[PDB]
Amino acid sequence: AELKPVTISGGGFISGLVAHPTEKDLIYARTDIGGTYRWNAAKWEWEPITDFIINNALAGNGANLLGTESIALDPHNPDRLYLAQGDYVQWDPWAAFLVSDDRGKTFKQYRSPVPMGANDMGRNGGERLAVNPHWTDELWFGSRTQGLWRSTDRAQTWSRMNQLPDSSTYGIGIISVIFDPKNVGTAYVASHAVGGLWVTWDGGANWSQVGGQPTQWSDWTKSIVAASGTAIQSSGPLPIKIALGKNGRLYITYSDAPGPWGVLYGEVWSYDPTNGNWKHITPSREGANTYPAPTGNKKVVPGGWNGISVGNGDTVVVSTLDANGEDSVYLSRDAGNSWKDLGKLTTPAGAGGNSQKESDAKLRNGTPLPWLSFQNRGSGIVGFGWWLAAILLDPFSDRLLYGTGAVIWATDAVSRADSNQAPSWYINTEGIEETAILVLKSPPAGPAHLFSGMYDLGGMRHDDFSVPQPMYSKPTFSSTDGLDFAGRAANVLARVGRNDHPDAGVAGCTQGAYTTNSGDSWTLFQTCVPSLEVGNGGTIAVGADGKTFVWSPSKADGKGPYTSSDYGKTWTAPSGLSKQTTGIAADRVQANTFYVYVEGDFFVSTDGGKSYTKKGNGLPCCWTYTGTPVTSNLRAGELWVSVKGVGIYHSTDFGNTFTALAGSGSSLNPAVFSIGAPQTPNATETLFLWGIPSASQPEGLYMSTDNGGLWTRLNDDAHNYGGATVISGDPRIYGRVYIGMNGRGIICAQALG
C-alpha cells in the first residue's frame, strides 16, 4: 500500500530543535504530541522517525508515547540518537527512552523509571536529556517530578542523583541540563525555581547554586509590573533554558511561569564562569543597544523568554515567550551586549504586531500555506509567530530556524541582520504533519475527495493532497468538531465548531454553517442548537435530501439530538431519545433517516429526527457501550455499527437486525471504522479498520472486501503514526482510506503501489 500525507504541512507546536556539534546537516525537531523528525538536507524534507509508535496500544497496556520530551546527541558520535518519549506526567502509566546507533532508523526501547511530559507545561523548556561528552556511556535526564537521573549504560538503566537538591515546581522539574564541553566534570542544570541554577565541578558528585545568580526580579522588571498594574507570578526569575557558547559564556532565559502559555514576565542573563560576572542581557530592556529600538511601553506586560541558540565568535540568539505582539527573535554578535530585533526588522511599515509578509508565507519552492492567514487571508500580513520556544542557528551555515505554535520559519542567511536588514524568510515545514484531526468526510461526488476537521486550524477542503490548502472561512473555525455531507446531495455539507473570530455583522450561529456549493461558500445556521458549548461544536448529520440537519451538542442537557428542516430557523428536540452523542449517522440514500448508537442502545428516525425508536436486535446486548454508526453510500437501510473494543455489526434492514462480523465479542477490537467503494460494482462495500481485526493479526490499518471474513494489512510496523483516531473510506475510489491521527495529521492510504 502507498501511504502519503494529505498535505497541511506543520500545523502544531515545535517544542525543540537540536543540531549536531560536528556533523553538518544533522538536525532533529521534537514535537509535543507528534514524535521527532530528522532533517534531510538533500531532499529538503523533515523525516518522521517515530512513526512506529502506537499510543495506548490495544493489546496489553500502553501509554501516549508519540510525544518527544527530549532529544540528545552524542557530540563525539553523530550516529547516536537518544529520545525521551511520553506525553503526560499525570495520565501515562509509563514512559520510555529510545536509543539508536543509526540516526533513528532503528531504535531499542527502555522503560523510564520516571514519568515524562512532552505534552505538559514547560515542554517549551529546554533539553532534559544530555550525553556526557567526556564519557559518552553516561547520560543525565532532568525529570519533571523526581530530580536529576543518571545512566552510565547508554540510557538502558537509571538512578537518581540525590546530590542535586530539587526544589523545582513539581511537574516542571529540572528543565535544562548542559555539560561543559571544555572543562571535564563541569556541568550546569537548571531547576525551575528561584535561584535554580546549579553547578557541578566534580562530574555530578557534588552540587551548589551558581554564585551571584539573580534570586529576585530586576528594577526594570519591577518598574513594569508597577507601571502595567499587573502582578508578576514569582518572587524571582524562573529558568526555562540554558546553554554554553563556544566562547565559554553561559546564557539563561527566565520567565515567571513555565510556559508555553501563561507567562507575563521574564529576563535574559549571561554568566561568565571565568570571573563570576552576571550581566542582564534582556534585549527589550531600556538601555542596551537593540536595533530597532524596543517599543519600551511599560503599560503592557512584556511576557518572558524562552529560546537560546549559540553560534560562532560571541554569537547568540534568543526568543521571547508570550510577548504576543512583541514576540520576536534577537541576534547578538556580542554575547548579549547589543542585539538586532529580527521581528521588527521584518515587520512591514504599518503593522501593529511583528509580522511576516503573507507573500513570504510559503515553502522555499514557493508553495503557499494559505491556512497560516487564519481569518485574515488577503490582508498582506501574517503573525511573526508565537510560542517562539525552539530556535536554532545552523552550526555549519548561516541558517536560522525558529519554531512557532504552528510552523518552522527559516532563513538561509541570518547575517543580513548585521547590516540592519531583515533576513529573507520562508516556511520550512516540508514533511512535518503535526495536526490533531477530529473528523474526515469524503462525499460521494464533487470537486474534492476529502474535507477535514481538526484542532486549532479548523480544517480544509482538500482539493489537492500534495499541497497545503486554505482552512474554512466565513465562518472561520478554531476547531471543527463535526462535519457531514448529504448522501444524495453531495454539494451540501454542514460544519460545526469553535469560532474564535466571528465575521463582523453576519447574523446567525457563529458555531455552525452549511454549504450548497461544495464549500465554495457557507452560510450560518439561523440559530444555534440549545446547550452549545463555546469550545466545541458537537456532531452534525445531514439527511440524504440535504434538507435536514441533526445537531447534537457536545454536552448532555436531558434532550436527544435536535433537528431542523429550515436551515437553523428552528431546532426541535426528539421523542424516544433523550441523550446527546457523537454516535450519529444519516442514511445516504433514503431522506430523513438517521441512526443513533449511544450508551449501548440503538435508535432510528424515519421522520427526520422528530422521533426515534429503539431497535438494533443482534447488537451486543447488555452493557453501555460507545460506538459509531456508519451508513452505506449505495443502499438505503444498510449500515454497520462499530462497537469500540467489542465488535462490528452489519444491518441491511434499517437496523431492525444486526449481524456480528467474524471474531466480534472475542478477537475483534475496533478503534475506528469506515466504509468505501466495493472492489466490484455493487458488491458489498469495502470495510476499513484501525484496530485488532482477528486473533493472529496485530493492531494496524486493515481492509476487508468480504464483510469481515478476511482482513488484509494496509500499513506496517513502521507506519502506525501513534494509531488512527479518525478514518474515512472514499465512495469513488476502491481501496482508498484516509486516516487522521492525534498529532500526525492525515495519511492517505491506497491498496497497491
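From 1 onward, residues are counted along the sequence shown.
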Avg C-alpha B-factor, entry values, 465-473 vs 620-628, higher side is 620-628
Quick note on 250-258 and 654-662: per-entry mean CA temperature factor is higher in 654-662
Entry record, C-alpha B-factors for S565, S424, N124, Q90; the maximum is at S565
According to the deposited entry, which of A130, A288, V194, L388 has the largest Cα B-factor?
-> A288
Is the Cα B-factor recorded for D32 in the lowest, middle or highest third of its chain?
-> lowest
If you rank every modelled residue in this chain by C-alpha B factor, which third holds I747: lowest, middle or highest?
-> middle
Relative to the other modelled residues of the same chain, rank the CA B-factor of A573 and answer lowest, middle or highest third.
-> highest
What third of its chain, lowest, middle or highest, does the C-alpha temperature factor of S415 fall into?
-> middle
Relative to the other modelled residues in the chain, which third contains the C-alpha temperature factor of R732: lowest, middle or highest?
-> highest
